[PDB]
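Participant: my sequence and its experimental structure, below.
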Amino acid sequence: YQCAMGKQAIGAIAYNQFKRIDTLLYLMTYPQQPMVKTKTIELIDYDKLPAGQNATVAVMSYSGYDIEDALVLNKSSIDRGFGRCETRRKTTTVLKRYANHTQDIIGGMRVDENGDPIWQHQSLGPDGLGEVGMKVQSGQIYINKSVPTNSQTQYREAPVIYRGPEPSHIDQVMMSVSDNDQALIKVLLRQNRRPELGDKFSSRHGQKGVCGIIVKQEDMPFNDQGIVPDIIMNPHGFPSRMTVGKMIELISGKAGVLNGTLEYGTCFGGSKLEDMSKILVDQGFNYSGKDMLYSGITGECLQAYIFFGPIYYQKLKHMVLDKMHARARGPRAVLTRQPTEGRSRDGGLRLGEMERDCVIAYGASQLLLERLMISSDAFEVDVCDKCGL
Amino acid sequence: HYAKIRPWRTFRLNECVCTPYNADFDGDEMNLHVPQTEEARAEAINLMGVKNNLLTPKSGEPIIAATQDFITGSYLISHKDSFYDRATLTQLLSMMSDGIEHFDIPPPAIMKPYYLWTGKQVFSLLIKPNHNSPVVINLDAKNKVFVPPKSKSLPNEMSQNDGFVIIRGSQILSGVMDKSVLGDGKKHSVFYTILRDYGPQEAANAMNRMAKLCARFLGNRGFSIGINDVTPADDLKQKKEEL
Amino acid sequence: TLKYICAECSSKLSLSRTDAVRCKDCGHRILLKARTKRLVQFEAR
Amino acid sequence: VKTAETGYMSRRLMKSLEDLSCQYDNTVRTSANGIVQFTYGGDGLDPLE
Amino acid sequence: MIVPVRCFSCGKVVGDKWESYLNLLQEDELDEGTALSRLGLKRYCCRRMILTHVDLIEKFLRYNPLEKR
Amino acid sequence: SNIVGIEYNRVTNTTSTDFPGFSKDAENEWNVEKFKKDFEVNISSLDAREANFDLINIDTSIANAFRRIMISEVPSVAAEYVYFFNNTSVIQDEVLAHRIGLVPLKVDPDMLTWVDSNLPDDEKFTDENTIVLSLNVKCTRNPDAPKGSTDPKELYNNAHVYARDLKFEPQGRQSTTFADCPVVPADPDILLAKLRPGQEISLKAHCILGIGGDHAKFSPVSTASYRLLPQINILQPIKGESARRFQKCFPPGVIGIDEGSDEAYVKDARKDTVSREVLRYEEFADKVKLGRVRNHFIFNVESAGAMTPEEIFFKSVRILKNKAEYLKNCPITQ
Amino acid sequence: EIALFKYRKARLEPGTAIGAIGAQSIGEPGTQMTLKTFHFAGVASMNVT
Amino acid sequence: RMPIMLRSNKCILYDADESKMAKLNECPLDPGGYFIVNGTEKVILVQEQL
Amino acid sequence: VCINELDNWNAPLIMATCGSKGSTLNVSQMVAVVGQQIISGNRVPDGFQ
Amino acid sequence: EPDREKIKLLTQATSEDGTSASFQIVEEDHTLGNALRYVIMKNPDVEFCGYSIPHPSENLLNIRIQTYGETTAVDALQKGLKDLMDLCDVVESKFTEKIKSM
Amino acid sequence: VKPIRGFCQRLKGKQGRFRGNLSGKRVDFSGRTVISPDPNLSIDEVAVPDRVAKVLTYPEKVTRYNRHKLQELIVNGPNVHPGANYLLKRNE
RNA sequence: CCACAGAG
Ligand SMILES: CCC[C@@H](C)[C@H]1CC[C@H]2[C@@H]3[C@H](O)C[C@@H]4C[C@H](O)CC[C@]4(C)[C@H]3C[C@H](O)[C@]12C
Ligand SMILES: [Mg+2]
Ligand SMILES: [Zn+2]
Ligand SMILES: [Zn+2]
Ligand SMILES: [Zn+2]
């Protein structure tokens, strides 16, 4: 599972990741080295371009919001920059030079009498291409196009309207020409996302989960030195999944950061547990890494010790911004007169055969009739009684 | 379900309803349909409601019940060696009902040194908060792990680890709440008895109270796993090697 | 009004409408539009 | 790989058994009003209750 | 990219300690386990804040389109 | 009594037990004379940015309330809004604005006023509530550099944009009331950005005051936490070589040896982070036990530079008192 | 009274799509029923499927 | 025109130091081995046969 | 012998006694010998000569 | 003039004779509820006192107080608030004296 | 050579009319979202984002019992949460 | 219209 899900980690892509204009790119603001490395990591130079941050995790049941793999993020930690990510998207356009000796045009802008442009062109600029560094909201235009209507020559408007649930920002606007002499314009839009509810966080030992709640840092536990954990995970994910390597990684990372040196967790070897226990004892902590935390709510001592230390988490690309969707009434397919598919085309969810079967099993006739006839494709038709057609 | 409105861009459902959906919070996407006619809406709420579907029709056993991390906290409260004074007991009762239910504190189980209550009395109040509540249940049940008593003639409630629960009146006189008394898959659970005796509303109320209590308790009473819980003792490394 | 920057030579220049997409200090054909002069605001979070 | 075969079997079973219902005379009948069982299970007890 | 201004867990200002940590590593030829403690980084959260950081801005700044490479 | 014991696997007696109804005699009622007689404060150390004081005979709830109010209720001034002109750096606008928002500012927020939000943007900001900071750094290639070196500090002139480059721009009456107390970042060496020739960063930051609950940048304490005073009980005296092993089970300044008897004694307990390593070995079982005093709190308030720590603790106490007074004076409605 | 009430309300309710419920109650355990090796009463080679 | 694969013996990135690699707007820590066609970058995956 | 040698307040033992998550076998595998790996009902097949 | 929406008395839960009540406080959290609970539990006539946050996504606090048959619940709440004010005053005075000492 | 699509091809298969558009079909007034726990919610309750509740609407007919409530909802509009998105007159 | 790639 970790082999499959480490390829979705958000982090630095390359040294020239800012000069690239790719169709979809995920970057992280503050990547960090793993506390527990591996010789394979050193050889493949994953050390130079990491993907993930070390989080002070306290393995305990802080609230009811960590049940079934969910995690408990820290509001102050997110505010200070933990898990901060950005997404870059590319919109391309080509001014085709048609066979009628006519070509598409970019320029165009509409200005109100007061000296302000129209709202749809608020961040368009005087050259018809969106100004670098300007915010783009939903419905605005960043690439203005007008194609000839006869293929003088008139033009019809085909603008590239931005649509999305959150505002973005234009990062680069590149103009060029290809070999066949067509103008090629690429616009890179970046947007900044902070972790919220629904964002997936892995653990480099499987142990995937989503942020079930975000709580303020005065509510989380704290040790004697005042360290407040960033992410609190449910202990119940350990005994069934049997990941002792996670506990060894936590203790190795704690002993390494206290000693000041990165510690190696190479397969079939690595830094042993006994040296970690010796370093932790010499630093004044417990030999097994379980400290005493005071509760943040009731303020008193927790009745059991809490396993406490750094673990390297990765933020994954399955954020809730790209997953939430709702239709109500929208576009319909031409052939079947039914709602379309895919949230890109504002489609609707499919009530498949087995959902129909379950609704049958309940016996709710009227609900099934409403769901499969009235709300999807109802149609009044005239049928002849004599012939049945 | 009945809709509530919350500002966090994710659907949220109680974890006790996770088991029938077979859903885990690891990226699961779930669907929401809204009926558009009064007949469909009424049929949905009175046939497919969570309260009217506490039992799976495959065998009749409960399938909507306490999942993991609710069983653990309930067990830790109902442990034999856990005792609470008036302040902590009252705080526990306030957390399970949001300070809305009128409680009546039963006489404490320990009186002479201090006035100490038992967690089993806390669950006795969880089932029946006051005299106005009509929930009165009685049941004898085994637990998942059960050590027989020291002799073959004693009743099952006198077990060594107290793995037998007896509920008379509404008090819990023995046993620890685990995945045979609050969980799913067994026909002698507390919630199943409450359902079959007093309809689904009382079962839902007790379930909500348990969920709130176990959500707000384990934060103020830590429960952790570490390598100290997995490292074998010194003598085990010899016996295992010899065997 | 300087508005365009060549990719490799980094010479700010303005394109007249009757001129090709090409830098005039070299042969490069990549032009990145310069940052706007308009004010943009940001909340610190 | 179990999922494909299990789903196919479930679909076949549900297509076969979708028409049965317990009529008001306590007899399980098909859609075409033919009796499969005279009483459900021999005693007419829902496994739910 | 660049060193964070504040430590994630507690909130101590550690952005200023990065240059001093590099200087103590280079011209003072000390192991980092002592250089971290010299700069007042007592808690291990502030230690991991700059011990694990990658100075990616130096690598990024080679590809500067504002000046000829 | 009031000693929370420490065992090798569990922590017992962790709750307060001083209230009537806890016992038959029903003592320990609330009498402010007794609390005034018993409560004590010992300030062991106090620097310009850190305080360490012990509260004695106070309940856990009050101390935790003080800690929470210190962390996320004492207001402080931080950079809220950033306006950008010509930011050509590699660091993006959002990241740079966040980094500017995260720096601490050495101002007294008692000289400012809270910001109303319902007013329009052209009237919300006045001279009583905002502080304007200006950053304007343009990098350029340094011509007279030594050819044998590649240090970024020498090749260029403004390679490292620090935090002290945030100059303070007075607006109106701030030119008078901020005479002897100019606005300055608390730590001027914070590395805001890195530059290369041809790049420029210019921006104006509007600075208001908020609470730590809204955002973590407004928290006036870098650290505000307490620990119970540890306590070590040596029941059977420990003699000879094993006592040295006992000395090895604790931090160096904790437990010493008496040369007149070669036995271990507790030199000091305040230096003991509870590691309970002594509970690992059977040779000390039923000889030494560990505990903490449930009503002896050692605070450790490390400020962010905006305030003295004793001012922060006093502000927290006053804020809790004002909360209580506001709830008392409010009417009760159905 | 309790026994009679339980028996009288435990009768199958008319109109219930009992065939659908039975089809699902046979089908869905196939999802959770993983393959495991089986032998018939103390002999190893009988390898019943 | 035969489409060169990156970091081959015929590509411009062969044995190039990180200074010249930075001159060509290419990351030095890039595996190479892929074909840039029509703007996109494609990889011929290693096939396995009997 | 491993399960017998574990004291109370051992977290996997508590989570197995509760039945919330895990079982005796998982604790035995983590603390004691894991046991024979079984593939298709038999031991590991001879992948070489 | 007074903020009538600050603290309310939930009439659905209070007893008819006033010996029990469940007050609702807006724009507060544990930092007041814990101190108020600890102070009110030191009232000898208070038999039940407990706070809760019904949902962390909304800023709200529910505190329930039940007394014996001698005093009402509103009197217990006001006495607890007064005692909390006095306790904060004592702590403030001691800290002022000790910081003047150094 | 690509085979053409005939009527038998349009009526058969998992994407045919019978198993793709008649037995089950895509429906209106639906939403798909990632889930997260909430123990303080009752078991018969599901929490919906307001960003979804502003889109998914329930058509309520005006009666003598809810006239004031629906008037207030219409006054509120489609931007604030408790409100309405469309109105359909009786005769229109 | 297909084919990849992931999410349960
Ligand atoms: C408008 C609010 C004023 C407030 C912030 C002013 C007015 C009263 C002031 C305190 C008192 O002077 C007593 C102490 C004197 C010591 O030297 C430093 C700390 C000390 C606690 C003071 C801090 C601070 O300076 C206070 C609270
Ligand atoms: Mg899942
Ligand atoms: Zn006809
Ligand atoms: Zn050029
Ligand atoms: Zn820190």
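Facilitator: Sure, I can see it. Residues are numbered from 1 along each chain as shown, chains lettered A, B, ... in the order given. Ligands and ions are numbered 1, 2, ... in the order given.
Participant: for chain F, see how far away residue E:54 is.
Facilitator: Going from residue E:54 to chain F by C-beta to the nearest C-beta, to the nearest Å gives 14 Å. C-beta here means a position set from N, CA and C on the backbone, and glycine is covered the same way.
Participant: next up, the contacts around that residue.
Facilitator: Going by C-beta atoms under 8 Å, 6 or more residues apart in numbering or on different chains, residue E:54 touches A:12, A:31-33, A:47-50.
Participant: quick check, central residue of the chain?
Facilitator: Chain wasn't specified; assuming chain A. With distances taken as C-alpha atoms, centre = their mean, residue A:319 lies nearest the centre of chain A, 2.9 Å away.
Participant: please refer instead to chain J.
Facilitator: Geometric centre of chain J, nearest residue: residue J:36, 4.0 Å, by C-alpha atoms, centre = their mean.
Participant: so the closest residue to that one other than its chain neighbours, which state does it fall into?
Facilitator: Nearest non-adjacent residue to residue J:36, counting by C-beta to C-beta, 6 or more residues apart in numbering or on different chains: residue J:80, 5.7 Å away. At residue J:80 the chain is in helix, as set by DSSP: H, G, I helix; E, B strand; the rest coil.
Participant: contact partners for residue J:80?
Facilitator: Contacts for residue J:80 (C-beta under 8 Å, 6+ apart) come out as J:36, J:39-40, J:43, J:49.
Participant: repeat for residue G:9
Facilitator: Residues near residue G:9 by C-beta under 8 Å, 6+ apart: residue D:49.
Participant: ok, the residue nearest to residue J:36 to residue K:49 distance?
Facilitator: With the distance defined as C-beta to C-beta, to the nearest Å, residue J:80 ends up 39 Å from residue K:49.
Participant: contact residues of chain H facing chain A?
Facilitator: Counting by C-beta under 8 Å from any C-beta of the partner chain, chain H comes close to chain A at H:22, H:25-30.
Participant: reformat these as CSV; add secondary structure, distance to residue E:35 and neighbour count.
Facilitator: Below are the residues of chain H next to chain A laid out as CSV (DSSP: H, G, I helix; E, B strand; the rest coil; distance: C-beta to C-beta, whole Å; neighbours: other C-beta atoms under 10 Å in any protein chain shown):
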residue, secondary structure, distance to residue E:35, neighbour count
H:22, helix, 30, 20
H:25, coil, 36, 17
H:26, coil, 35, 21
H:27, coil, 31, 19
H:28, coil, 29, 19
H:29, coil, 27, 16
H:30, coil, 33, 16
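Participant: quick check, nearest of those to residue F:86?
Facilitator: Among the residues of chain H next to chain A, residue H:25 lies closest to residue F:86 (C-beta to C-beta), at 23.5 Å.
Participant: still on that earlier bit, could you give the number of residues near the nearest residue to the residue nearest to the centre of chain A once chain neighbours are set aside?
Facilitator: Using C-beta to C-beta, 6+ apart and skipping residues adjacent in sequence, the residue nearest residue A:319 is residue A:199, 5.1 Å away. Residue A:199 sits with 27 neighbouring residues when counted by other C-beta atoms under 10 Å in any protein chain shown.
Participant: I'd say residue A:199 and residue A:211 touch.
Facilitator: Yes: counting by C-beta atoms under 8 Å, residue A:211 is a contact partner of residue A:199 at 5.2 Å.
Participant: A helix includes residue K:20, no?
Facilitator: Yes: under three-state DSSP, residue K:20 sits within a helix.
Participant: number of residues surrounding it?
Facilitator: Residue K:20 has 20 neighbouring residues, counting by other C-beta under 10 Å.
Participant: over to residue A:212?
Facilitator: So residue A:212, with other C-beta under 10 Å, has 30 neighbours.
Participant: and what of the one 10 residues further on?
Facilitator: Around residue A:222 sit 25 other residues, with neighbours defined as other C-beta under 10 Å.
Participant: go on, residue H:15?
Facilitator: By other C-beta under 10 Å, 7 other residues sit near residue H:15.
Participant: gap between residue G:9 and residue B:18?
Facilitator: As judged by C-beta to C-beta, residue G:9 and residue B:18 stand 30 Å apart.
Participant: list the contacts of the residue nearest to the centre of chain A.
Facilitator: Applying C-beta under 8 Å, 6+ apart, one finds that residue A:319 lies in contact with A:85, A:193, A:198-200.
Participant: next one: residue K:89 from residue K:62, what distance?
Facilitator: The gap separating residue K:89 from residue K:62 is 10 Å, by C-beta to C-beta.
Participant: more neighbours, the two?
Facilitator: Neighbours per residue, other C-beta under 10 Å: of residue K:89 and residue K:62, the larger number sits with residue K:62, 13 against 5.
Participant: secondary structure element for residue I:48, which one?
Facilitator: Counting by DSSP states H and E, no helix or strand carries residue I:48.
Participant: and it, how many residues sit next to it?
Facilitator: If you count neighbours by other C-beta under 10 Å, residue I:48 ends up with 4.
Participant: now swap in residue B:111 and tell me
Facilitator: Using other C-beta under 10 Å, residue B:111 has 11 other residues around it.
Participant: one more: residue F:131?
Facilitator: The number of residues packed near residue F:131 is 23, by other C-beta under 10 Å.
Participant: surely it and residue F:168 touch.
Facilitator: Yes: using C-beta under 8 Å, residue F:131 is in contact with residue F:168, at 7.0 Å.
Participant: which ones are touching the nearest residue to residue B:161 once chain neighbours are set aside?
Facilitator: Spatial nearest neighbour of residue B:161, excluding adjacent residues (C-beta to C-beta, 6+ apart): residue B:147 at 4.7 Å. Neighbouring residues of residue B:147 by C-beta under 8 Å, 6+ apart: B:159-161, B:163.
Participant: please apply the same query to residue F:18.
Facilitator: Contact analysis of residue F:18 by C-beta under 8 Å, 6+ apart lists F:2, F:28, F:59, J:42.
Participant: the last one and residue F:296: what is the separation?
Facilitator: When distances are taken as C-beta to C-beta, residue J:42 and residue F:296 turn out to be 20 Å apart.
Participant: same check, this time on the second one
Facilitator: As defined by C-beta to C-beta, residue F:28 lies at a distance of 17 Å from residue F:296.
Participant: the two: which is more packed in?
Facilitator: residue F:296 (21 against 17).
Participant: that one belongs to a strand, doesn't it?
Facilitator: Yes: Residue F:296 forms part of a strand when assessed by three-state DSSP.
Participant: circling back to that earlier point, nearest to residue A:263, of the contacts of residue J:80?
Facilitator: Of these, the one sitting nearest to residue A:263 (C-beta to C-beta) turns out to be residue J:36, at 47.3 Å.
Participant: got the contact list for residue F:235?
Facilitator: Shown in contact with residue F:235 (C-beta under 8 Å, 6+ apart): F:286-289.
Participant: which one (most neighbours) among those residues?
Facilitator: Counting neighbours by other C-beta under 10 Å, residue F:288 leads these with 20 neighbours.
Participant: hmm, it is touching residue F:232, no?
Facilitator: Yes: between residue F:288 and residue F:232 there is a contact under C-beta under 8 Å: 6.6 Å.
Participant: against residue F:320, how distant is residue J:35?
Facilitator: 7 Å.
Participant: joint contacts of these two?
Facilitator: F:65, J:84.
Participant: which of the two has more neighbours?
Facilitator: Ranked by neighbour count (other C-beta under 10 Å), residue J:35 and residue F:320 place residue J:35 first, with 29 against 25.
Participant: which helix or strand contains the more buried one?
Facilitator: Residue J:35 belongs to helix J:30-41 when assigned by DSSP H and E.
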